[PDB]
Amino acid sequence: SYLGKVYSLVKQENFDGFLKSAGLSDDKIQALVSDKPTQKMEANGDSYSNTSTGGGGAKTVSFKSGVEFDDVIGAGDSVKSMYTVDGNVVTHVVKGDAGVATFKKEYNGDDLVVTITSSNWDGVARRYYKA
């Protein structure tokens, strides 16, 4: 049901904490926390496409479930990303110089909840989006 819908950020918790654990610069942290991103996912048979707007601009990237690839996320951070698509749960594992982070995306109707964990901190961050 989530395919083709645009989800917009409505609220977030502990996101600043998570970014600190990532060792990002203060200006990047400020820009990310102030962003009001949107995201739309599409299925293309063999691959999926994710279109995002906000900080770091507008982009559409394609990927296959289970395959790692070189990527750039956030405000220009270089990482190795790997997404696993399993029904209504999309898990994005990212490996960067700072460590590893997991972004668990759960879709339920018009709501999308993203739970984020990091290898450098014990807190849990949440991003709530609505279509």
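In this text, residue numbers run from 1 along the sequence as written.
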**Complete:** Comparing 28-36 with 65-73, the higher average Cα temperature factor in the PDB entry belongs to 28-36
**Prompt:** Considering only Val100, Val89, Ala58, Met41, which residue's Cα atom bears the greatest B-factor as recorded?
**Reply:** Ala58
**Prompt:** So where's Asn108 on the chain's Cα temperature factor ranking, which third?
**Reply:** middle
**Prompt:** Among the chain's modelled residues, which third holds the C-alpha B-factor of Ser49?
**Reply:** middle
**Item:** Position of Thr117 among the chain's modelled residues by C-alpha B-factor, lowest, middle or highest third
**Value:** lowest
**Fill in**
Entry-reported C-alpha B-factor of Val124 relative to its chain, by third, is middle
